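Visitor: Generate a structure from the sequence data that follows.
(one chain, ligands or ions: 5)
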Amino acid sequence: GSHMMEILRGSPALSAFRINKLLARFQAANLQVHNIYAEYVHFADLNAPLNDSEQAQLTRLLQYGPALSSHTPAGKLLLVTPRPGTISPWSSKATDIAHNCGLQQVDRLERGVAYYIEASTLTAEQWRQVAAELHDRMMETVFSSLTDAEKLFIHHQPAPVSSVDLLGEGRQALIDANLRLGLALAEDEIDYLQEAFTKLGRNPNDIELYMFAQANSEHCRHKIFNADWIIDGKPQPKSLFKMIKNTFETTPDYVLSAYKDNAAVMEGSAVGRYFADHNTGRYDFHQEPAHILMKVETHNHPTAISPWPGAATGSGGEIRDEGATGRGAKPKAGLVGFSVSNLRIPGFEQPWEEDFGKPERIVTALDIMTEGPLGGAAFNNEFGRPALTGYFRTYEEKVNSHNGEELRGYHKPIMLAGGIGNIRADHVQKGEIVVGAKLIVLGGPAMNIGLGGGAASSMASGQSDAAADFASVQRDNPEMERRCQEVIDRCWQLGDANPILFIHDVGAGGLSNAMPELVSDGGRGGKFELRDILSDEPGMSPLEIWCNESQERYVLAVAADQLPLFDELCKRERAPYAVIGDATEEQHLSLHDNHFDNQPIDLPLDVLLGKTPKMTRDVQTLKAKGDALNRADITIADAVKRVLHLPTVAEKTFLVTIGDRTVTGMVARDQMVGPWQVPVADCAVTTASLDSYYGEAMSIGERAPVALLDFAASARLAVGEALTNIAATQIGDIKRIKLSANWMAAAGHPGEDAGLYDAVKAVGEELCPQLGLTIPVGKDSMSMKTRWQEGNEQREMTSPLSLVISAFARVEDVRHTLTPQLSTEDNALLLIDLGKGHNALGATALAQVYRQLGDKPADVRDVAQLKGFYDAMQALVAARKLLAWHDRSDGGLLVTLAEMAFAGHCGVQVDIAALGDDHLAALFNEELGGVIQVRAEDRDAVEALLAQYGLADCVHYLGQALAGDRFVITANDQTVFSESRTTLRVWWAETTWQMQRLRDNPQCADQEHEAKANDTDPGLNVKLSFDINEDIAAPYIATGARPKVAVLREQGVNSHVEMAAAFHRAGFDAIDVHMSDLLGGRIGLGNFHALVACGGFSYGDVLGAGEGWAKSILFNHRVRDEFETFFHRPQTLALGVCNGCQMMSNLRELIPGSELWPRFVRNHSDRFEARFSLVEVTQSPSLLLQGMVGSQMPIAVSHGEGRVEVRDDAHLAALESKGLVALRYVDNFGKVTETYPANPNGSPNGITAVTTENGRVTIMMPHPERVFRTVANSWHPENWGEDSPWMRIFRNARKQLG
Ligand SMILES: Nc1ncnc2c1ncn2[C@@H]1O[C@H](COP(=O)(O)OP(=O)(O)O)[C@@H](O)[C@H]1O
Ligand SMILES: NC(=O)CC[C@H](N)C(=O)O
Ligand SMILES: [Mg+2]
Ligand SMILES: [Mg+2]
Ligand SMILES: [Mg+2]
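Guide: Residues are numbered from 1 along each chain as shown. Ligands and ions are numbered 1, 2, ... in the order given. Coordinates below:
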């Protein structure tokens, strides 16, 4: 009923560098702005009053963030808020916090930014340009009063169903509805619906038509992939889908599920799966097969409109598909892909770049590469999966391709998200759905988001309208999805008692696709009640309820008798759920509305799900002639410089360190390699469990520009490069490697349809069967083109046919993986040239950087040799004969060699006289293959091994890696190219420099860049004060007496399992203690002598990282007392890591000896930092760091709010003089530092761990529990065994308890 809104003023919102960025942009647009100041403002919509104690609680909940200096407001107020009718994810999370702090009076919290602008003239026109700079027009609105925020909370009554009057108007009623609702129905679909509803004798409701329209969109139905074809006048025998399935028919080996779920599954390894038992709450290893699931998809349309949520929800949706595999499974690691047009970075424009214009209503390529990666990472970080491999291509050029001179590019981008997960053997096959099964929606209360995303993603970009653009603006709440994943995990961890009978993602078409798909897959019908669906928008129509594409939702069926167990599981995780229907024997779909007393849907399923006829595509081959590369302005030296400046080639740190690479404690090989943490790893590798060296690998291959000359060569190169990227990982049989094939095309663009067919046939009927590669999963995105008016003229930007191949494989031993990090021991560099001397230059980075396409591209030259290459590499890996590997891809041999020299921080001396007279072609061709490094004494044996696989004539001794800074390429006695390695490495870094500079704190960006120019940097290096191998806990463990540790987690924590496992190894019984367990009386801290607060994103860090977790404790007097009691005991030990460190810092008042502790706030860079950082252990009372003082070693860092902040210099000095600092960032020279990224977060005096006066409580931002295994350390000394130095923390805890 009646509500009231409270306004609570917040903290200053913008740091000085962001304030200056705005002032410079106003200056640059001739807007005389003299000053700008911004404060956060909070809006609390209340359903009943707060007493003084409750109000002070709310005020305290709304104190967070860096303590920037406050100003009295002056000048003109512009308030930026979410647009009315939308609810921010901030609101969802901040409101949860208020509820878990016992403020049930809060209906909703929302936040805005109040800007105060002091300006000169400014016409009201100039005031609109000011407002335009301060907000995102796709998600936010600008208001002139704080009281205008009342508009965000308006109560709306439910809108009724609308019927479409077929009986009273005939077919015209359907034609009109088609246009009005944007159904995009073909004529034969209108005929089908006309007849269906004629036969039923009643008018269709809007909801029924909309549901049908989204289900029959290209995006949902895959008509092109199921079409018959005629090509150059000849009917073809197979659909594209069937050509793909041919690879499964040929190679079924190791596959457990293909084309039957939203993920493929393959065999894994029998290992210890580590999780907490349902009955005891104790973490234990369960020895069993951990099979491997895989999936890759895209989110291309929405990302062109709103890239952050487009990227974020692309990850989100893919992660739902993984979790919804079989009867429930567990996402493990991600991959990420982007293809965009030229960046045209201001002040850093490159010579191949020309501005060709774009639609007004899509964003730029730069804006996609700025906001998009941050959204994808935001999801992966908050959900808690590491992101370990990826690609990033730029391409935008006017080229003479298959359809003559045209603009080819990515104005509509590729935004790709994928991953692998683990699954139990008895959960791979979907279960049957019993009649009477309860049909549940797990996850977030819905809103009117993304409505018609199925149809909207089935058409070209540009030339839209405002309403369809708003409907392309997605919304992500990763913490909601983590809560759901926890429920799914509890389910599958019940084994034979998993109550999930069937589960599926909620994606395109929303419930309208997902619920009918679910009952249909079980051979049932369903009857549903509209008003049982959770809603955050009471105004929605039945059509909006049923069809919206709100995020973080799953559908599942459970037996009625398992509902009480399901409800327990949900409530413990705080995962919202609703029973919304029942499965029926009758194959009918009914949706009832208790509010309006009527029946929005009443359809037989065969009517609803029936199909118009199959498509037939009758198309013609076009083939580009292609022109020899004009080398007039090309020199080797200039080409080097340009190629290292192509983003596709250039260093990718901007995309890498924004995303967590260590969550789970199972990451063995991330993108960053070696002591200088250079992002060149060719594939990702994870361990299968926390107790095994078996694992999983991921790689990507893609080569779209090649499809501008040769469709089939492009698809063969994508598969070949996926293989050459994975090949130095210990796999064995090539049939263990499984592919996802993701096809992006502008279907209908001249030449592309035939090209697509040819390319699918090239890999599905030919190459993959001949190699023994299965493609058990895949997807397609068939409208990769953008049209707009540029002056008086029509313009179009069409993508090349763009196949992205992801490769997945069970790994036999993760320890044996090679990287590009050159050794300088005596060595030989050998090139494996799978190009057989073809040395093609067409559609290379070289061609692109001189604005050309060239003549003939690379291609798979010899299938047997490609297989022999793989098998030879597997032989060399297993026999431990390789020091290094790096494959050849974008940028050619030149770039492979350069990148190895960068990773090894060394030089090379190579001769290319054997690779042909054309040195430009030898160095810049992008033929398959790469460079191995071997010990000099092994050269002859390695060459004989290669020869056994038929490769002798492709193998060429190049030379050696050498200490120092010289990169030298000779041919006989001539120097072909010679340059400082450091100069080349800096050039190769300039793209990430400029991206980080424009996106992050430019001071940090500059510091990181400039460090790369100092060749004397020794890289990460270790000094140990103790014996890493000495298990000081062993005598305790040998008694069999295992003390408990409370492994504490809140909603949104994601780092608890590996924390449990670290303590386990040290001899503890690790107990899963959720904050709901404490609030419910199921666990009491009095039964524990040790507690650990784990990492993650509790409440999505809304209201300050760790703050909602801590304030939930403080505001419940019972739980508050419990924690105080624990910390005031004389012998108890507690550890807070990352989110747990932040939480415990906010609980100071309960912890003795903590009065000098700092706060932890937004990093100085203004960016999430996923780093492998060097720290030193400093002298303090900390009992957990005993024996380790003076040690220096690297550790996993993964945080956005890790900066120590003190009240004033007095506080810093007091802390330091008390001697409570326990860890500090050091640079690679070993000195305490504040320079970035050696110190990733800007903490004064490098501080990143503190302890209490008694030593019994220690808090730290880095993650020792992610790196307690040597194998999980991105770089480490070669002589280490199983345990890293960090294992000593947990062993210290065990010894301390006695
Ligand atoms: N979009 C991205 N997100 C995350 N990591 C990425 C991304 N693009 C590239 N990377 C990573 O950066 C490194 C270099 O990428 P790239 O040069 O494209 O690989 P390659 O040439 O071996 O195919 C790799 O470790 C790759 O996984
Ligand atoms: N991994 C973590 O615990 C991170 C803590 C918090 N979400 C941050 O980013 O600062
Ligand atoms: Mg590369
Ligand atoms: Mg590579
Ligand atoms: Mg690549």
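Visitor: if I pick the residue of the chain most remote from its centre, what's in contact with it?
Guide: Among the C-alpha atoms of the chain, the one most distant from their mean position (Cα atoms, centre = their mean) is that of residue 168, at 51.0 Å. For residue 168, the contact set (Cβ atoms under 8 Å, 6 or more residues apart in numbering) comprises residue 203. (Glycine included, C-beta is placed from N, CA and C.)
Visitor: Where does it fall, secondary structure wise?
Guide: Using DSSP states H and E, residue 168 sits within helix 166-169.
Visitor: Report the distance from that helix to the chain centre.
Guide: Taking Cα atoms, centre = their mean, to the nearest Å, one finds helix 166-169 lying 49 Å from the centre of the chain it belongs to.
Visitor: swap in stretch 65-81?
Guide: 33 Å.
Visitor: Ligand 1 contacts on the stretch 801-950 of the chain?
Guide: By Cβ under 6 Å from any ligand atom, the part of the stretch 801-950 of the chain that sits against ligand 1 consists of 889, 890.
Visitor: run the last query once more with 8 Å
Guide: By the criterion of Cβ under 8 Å from any ligand atom, the positions of the stretch 801-950 of the chain lying close to ligand 1 are 886, 887, 889, 890, 891, 895, 899.
Visitor: In terms of distance to residue 376, which of those ranks first?
Guide: Top of the list for closeness to residue 376, among these and by Cβ to Cβ, is residue 890 at 21.3 Å.
Visitor: so what's that closest one up against?
Guide: For residue 890, the contacting residues are 646, 648, 649, 844, 845, 926, by Cβ under 8 Å, 6+ apart.
Visitor: rerun at 10 Å
Guide: Under the criterion of Cβ atoms under 10 Å, 6 or more residues apart in numbering, the neighbours of residue 890 are 391, 393, 643, 646-650, 702-703, 705, 721, 844-846, 848, 896, 926.
Visitor: do residue 869 as well
Guide: With Cβ under 10 Å, 6+ apart as the criterion, the residues that contact residue 869 are 720, 723-724, 727, 832, 834, 862, 887, 928-930, 946, 949-951, 954.
Visitor: ditto for residue 1003
Guide: Applying Cβ under 10 Å, 6+ apart, one finds that residue 1003 lies in contact with 17, 997, 1164, 1165, 1235, 1236, 1242.
Visitor: again, but for residue 255
Guide: 248, 264, 265, 266, 267, 735, 738, 774, 776, 777.
Visitor: Double-check that the third one belongs to a strand.
Guide: Yes - counting by DSSP: H, G, I helix; E, B strand; the rest coil, residue 265 falls inside a strand.
Visitor: still on that earlier bit, so which bits of the helix holding residue 168 are buried?
Guide: If you call a residue buried by 16 or more other Cβ atoms under 10 Å, then helix 166-169 has these buried ones: residue 166.
Visitor: Likewise for stretch 183-194?
Guide: Buried residues in stretch 183-194, counting neighbours by 16+ other Cβ under 10 Å, are found at 183, 184, 185, 189, 190, 192, 193, 194.
Visitor: With stretch 725-741 instead?
Guide: Residues of stretch 725-741 classed as buried by neighbour count (16+ other Cβ under 10 Å): 725-732, 734-741.
Visitor: Ok, stretch 577-590 next?
Guide: Taking 16+ other Cβ under 10 Å as the neighbour-count basis, stretch 577-590 is seen to contain the buried residues 577, 578, 579, 580, 581, 582, 583, 584, 587, 588, 589, 590.
Visitor: give the contact list for the first one.
Guide: What that stands for is residue 577. Taking Cβ under 10 Å, 6+ apart, we find residue 577 in contact with 440-443, 484, 487, 534, 553-554, 556, 558, 563, 566-567, 569-571.
Visitor: right, and residue 222 touches residue 782 too?
Guide: Yes - using Cβ atoms under 10 Å as the test, residue 222 is close enough to residue 782 to be in contact (8.9 Å).
Visitor: Of the contacts of residue 869, just say which sits nearest to residue 1273.
Guide: The shortest approach to residue 1273 among the contacts of residue 869 belongs to residue 727, at 23.2 Å (Cβ to Cβ).
Visitor: Excluding chain neighbours, what is closest to that closest one?
Guide: residue 873 (4.2 Å; Cβ to Cβ, 6 or more residues apart in numbering).
Visitor: Helix or strand for that neighbour, just tell me which one.
Guide: When elements are defined using DSSP H and E, residue 873 is found to belong to helix 863-878.
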